[PDB]
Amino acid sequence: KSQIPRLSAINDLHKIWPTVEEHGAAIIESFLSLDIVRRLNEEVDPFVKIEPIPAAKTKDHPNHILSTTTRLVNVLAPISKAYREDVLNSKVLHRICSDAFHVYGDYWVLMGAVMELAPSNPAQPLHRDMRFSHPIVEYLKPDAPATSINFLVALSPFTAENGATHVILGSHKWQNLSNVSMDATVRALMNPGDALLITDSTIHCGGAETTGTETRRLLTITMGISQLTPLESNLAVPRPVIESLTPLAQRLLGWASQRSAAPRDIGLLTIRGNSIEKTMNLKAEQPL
C-alpha cells in the first residue's frame, strides 16, 4: 500500500492542495521552521501544564471524547506571538486555503490548538473530524468541496512507536464505510515542523503511544470556510493584541467581516452594509 505523499513547502506549493484533493492527505515537510516551532513550544508550555483534563468538572463545555491523558489548549492568539504573527500569516497555509476554499469564499480558523498526548496515550478510534461540533457537515452532498481542512503540525517527533497519526488514503471519497479498518492505514512519520494536511472527510486517528516515556505534541489548525462557525472564540482576546495583528490575521480570528464567493456577495458579519473593521475603526499592526 502507498504511503502519504510528501511535499516541499518551498518548492511544491501549487501541488499541495491538488495532492490532498486526490489522496485525502499529504505531508508538508518543514511547514513551520524549527525557530517557529521552538518559540511556539516555549510560549504555550505553561498553558499546557496548567490545562485540566478535557472533561474537567469545572468546564461548562467539557470534551468527553478526548482521552484523560490529552491536554488541548486553544485560543492561542493571546498566548503565542509566534502563532499570531508567523503561523496566522503563513504564506503556505494561505495558498493552500485559497486553493481549497475558492468555491465557497473566505476562510478562517475554526480551531487552532496545541494538543499534548501523555506517555501511554491510546490510539483514537478511526474518525472524521467535525462530527461533535458541526452536524451540518454530514448532510453535505458527496461531491461538495471540503468545507474544512486540518493541518496537524508536529511540535515534537511523530514516530510509529510514539503514536504518529494514521490515515486511510482515498477515504475522503468513501461513502460506504464497511472497509474502515486499521489494516487500511498508513502513518504520518514527521519531524518537528512537518505538517500532515487532511480534509474533514479523511478517515484518520491519533496513534498509540507504546514507549511509556515519550510526550507527543502537535499544533492542529482547522481552517474552514467563513460560513461555518468556529469551535473556539476570540471574543475575549484583548483589543491591543487584536490591533497588533495583520488585517488577514484579524479576519482569521473573527475580528473582521467576511465574504462569500457568490458573484454579488452580500457578506457575513456585516453592520448595515459596512464591515466590523470599518465600523469599529479597528487598527492593525500596532506593536504592544
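Note that residue numbering begins at 1 and tracks the sequence as displayed.
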Mean temperature factor over C-alpha atoms, higher-scoring stretch between 185-193 and 169-177: 169-177
Per the entry, higher mean C-alpha B factor between 39-47 and 222-230: 39-47
Residue selected from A160, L72, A146, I136 by maximal Cα B factor: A160
Third of the chain, ranked by Cα B-factor, where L268 sits: lowest
CA B-factor ranking of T58, expressed as a third of its chain: highest
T210 - which third its CA temperature factor falls in, relative to the rest of the chain: highest
Third of chain Cα B-factors occupied by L93: lowest
Modelled-residue ranking by C-alpha temperature factor, third containing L248: middle
